[PDB]
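Just one chain is shown here, as structure tokens, and it is the form deposited in one PDB entry.
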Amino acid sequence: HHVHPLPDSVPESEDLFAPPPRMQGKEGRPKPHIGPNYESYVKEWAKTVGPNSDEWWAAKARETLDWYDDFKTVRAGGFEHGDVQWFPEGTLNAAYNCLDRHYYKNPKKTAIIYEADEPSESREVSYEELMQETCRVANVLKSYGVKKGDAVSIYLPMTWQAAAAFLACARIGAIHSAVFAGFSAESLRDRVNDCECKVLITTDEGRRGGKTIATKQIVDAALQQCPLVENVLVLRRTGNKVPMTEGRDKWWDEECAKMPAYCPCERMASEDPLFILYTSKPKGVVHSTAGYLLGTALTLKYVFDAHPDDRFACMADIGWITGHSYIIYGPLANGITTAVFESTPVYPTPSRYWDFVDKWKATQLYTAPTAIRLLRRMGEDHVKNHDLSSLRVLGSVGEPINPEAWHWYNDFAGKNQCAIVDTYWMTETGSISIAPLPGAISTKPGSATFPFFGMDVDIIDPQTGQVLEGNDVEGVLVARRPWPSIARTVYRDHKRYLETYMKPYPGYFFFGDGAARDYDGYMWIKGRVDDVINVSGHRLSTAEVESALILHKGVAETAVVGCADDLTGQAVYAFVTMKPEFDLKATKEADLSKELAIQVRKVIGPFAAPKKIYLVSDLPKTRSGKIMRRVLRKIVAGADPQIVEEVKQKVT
């Protein structure tokens, strides 16, 4: 075979995992929406793509969402000029479909499981309580003069009220622009200025992993260079003394106390912007209302086989698109219970995730590979002794998942009884693009499998632009047609939007990842095209090599980048993080990096061997969990910021 799976210790003949009994409607579990085999997936998938899919999408749009005014046209526009349209004549409100209509049905039903940084301070937040706090904040925003189309910045930590902040902006037609609680004043500054918002929401302080976040302090430093900001709503999260600017800053609780607990919904056009999300100049991705909301609802319902009574647990942060889509809009659109996790995976201990699952009986869990590798690094005592039988599905998101981690996830977290869904997508896709449907697809470690409804992808040659037709091919991934949840522009920078995604390969959407469709049709996302290494003509993906390195005993996490090599063009350079146990004194470093080079030669090839390996305590990662390989590539070429100092030193 030309295309090989990500290196794994299990033989390929014993590495295919059919949907287990919890996803077969047995043991009293819900029957999956799509099942039981790959055929049942294509039968429905094929309805959602091609020129004959309008009828299907028109129905799902009316099945999934409540509409103030119905739509006439289903889709229009294209990539060329960035004029994507979906249900343009229709109107709705995001807050209504995430709150009101569910409050009217079961008001005492839990909407949010607020898992506070301290486990004892956790509680349930019903829809009634959530809708009421949302309407109060909306009325506060309206009292500040916020109008439909105005941008509002949200600098909130993972407290449950962040959902109220989001939905309050969408209730009145404003455009919220959420920023990671923890970002520096300079990063916050640039994002508050680009969106030109006049209102800012934040807390006095944040709490994560037992460490405080001086949100109001960082905000004060930022707003010194944000002239437009006139009003700041400050939430009392810790109650510790923080500076408050007279006139500009008002307390959340005191402002909401003056307002009613209901607020009418603004009638939004399908294509009115819902939010701006800036990606780490700053790129403010913009999403519309109807299309983004429909994509998050359908993906959640089908990719996680969500049912009315489930308790979905996405452990991401709302500063990330993963939180936007699968903490707030997605789950609450479907009217179920969702989790707001304020802590880390290892506070107070590396058992927190599992203490959480058994406490609330999470029916699905959804986190990043960087966290799965973290818990793997901490031993199996923290997880082995839990029940966790309430789970049915386990999700990975943010990067390629090494089969080694995929197995640990499958073994201990799911006790080999849960489906593993490797969900591939981007901030610019709005919702999950390629992922296995858990009740129908048999999984391969590290493979996203097949594309989701509305997504028709192709493998194109990166230079010629020709479609590699069929199986056992590899290249760069691209989409053939728009999908409902696709981003519509970059805020006040539609040229960057077209030049980044639409002009590289005229006719398609350009994700920026390498991909391979193996002999069975499974898709394999190998990493960022920018991270590809060209060793004497061979194109090495970062997932291939990293997955191989983590196959050696004691390896915790790895990151490989490229650098100029006179003989080979580029050479591979590896940054390796070893587990706590591994005694770096007893074992010669030279002998270790030599065993690793061999490990790569044996499974990949004699060209993928690193020309140099660096041992480091950690890796440069973003808040979401992405490994910042561009940094490592820049260094070799000459979150926790203190990790860059160790790299510049260990490399030099």
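For clarity, a rigid core is taken as the largest C-alpha set superposing within 1.5 Å between two forms. Residues that one form lacks are left out of the comparison. Residue indices: 1-based, along the sequence shown.
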{"item": "Test item: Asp640 lacks coordinates in at least a third of other entries", "value": "yes"}
{"item": "At least a third of the other entries leave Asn37 unmodelled", "value": "no"}
{"item": "Deposited residues lacking coordinates between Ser280 and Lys281 (none, 1 to 3, 4 to 9, 10 or more)", "value": "4 to 9"}
{"item": "Where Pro11 meets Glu12 in the shown sequence, the number of deposited residues left unmodelled", "value": "none"}
{"item": "Given 34-42 and 615-623, the range whose Cα B-factors average higher in the PDB entry", "value": "615-623"}
{"item": "Comparing 316-324 with 552-560, the one whose average Cα B-factor in the PDB entry is higher", "value": "552-560"}
{"item": "Residue, from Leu65, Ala59, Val600, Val49, that the PDB entry assigns the highest Cα B-factor", "value": "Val600"}
{"item": "Most elevated Cα B-factor in the entry, residues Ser184, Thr299, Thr568, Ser270", "value": "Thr568"}
{"item": "Third assignment of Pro504 from its chain's C-alpha B-factors", "value": "lowest"}
{"item": "Third of chain Cα B-factors occupied by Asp150", "value": "lowest"}
{"item": "Third of the chain's Cα B-factor distribution that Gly537 belongs to, per the entry", "value": "highest"}
{"item": "For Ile336, the third of its chain into which the C-alpha B factor falls", "value": "middle"}
{"item": "Entry-reported Cα temperature factor of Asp309, expressed as the chain third it lands in", "value": "middle"}
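Not pictured, yet referred to below: the form deposited in another entry.
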| item | value |
| --- | --- |
| Residue from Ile525, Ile172, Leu188, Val561 whose Cα, after superposing the rigid core, lies 2 Å or more away between the shown form and the other one | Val561 |
| C-alpha of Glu581 moved at least 2 Å between the shown form and the other one on rigid core | yes |
| After fitting the core, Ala548 CA displacement of 2 Å or more between the shown form and the other one | yes |
| Did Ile34 shift 2 Å or more between the shown form and the other one, C-alpha, core superposed | no |
| Cα-Cα shift for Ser40 and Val10, closer or farther in the other entry, minimum 3 Å | closer |
| Pair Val383/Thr558, Cα separation in the other entry versus the displayed form, closer or farther by 3 angstroms or more | farther |
| Sequence-ordered runs, three or more residues, C-alpha shift 2 Å or more between the shown form and the other one, rigid core | 5-15, 528-623, 626-638, 641-652 |
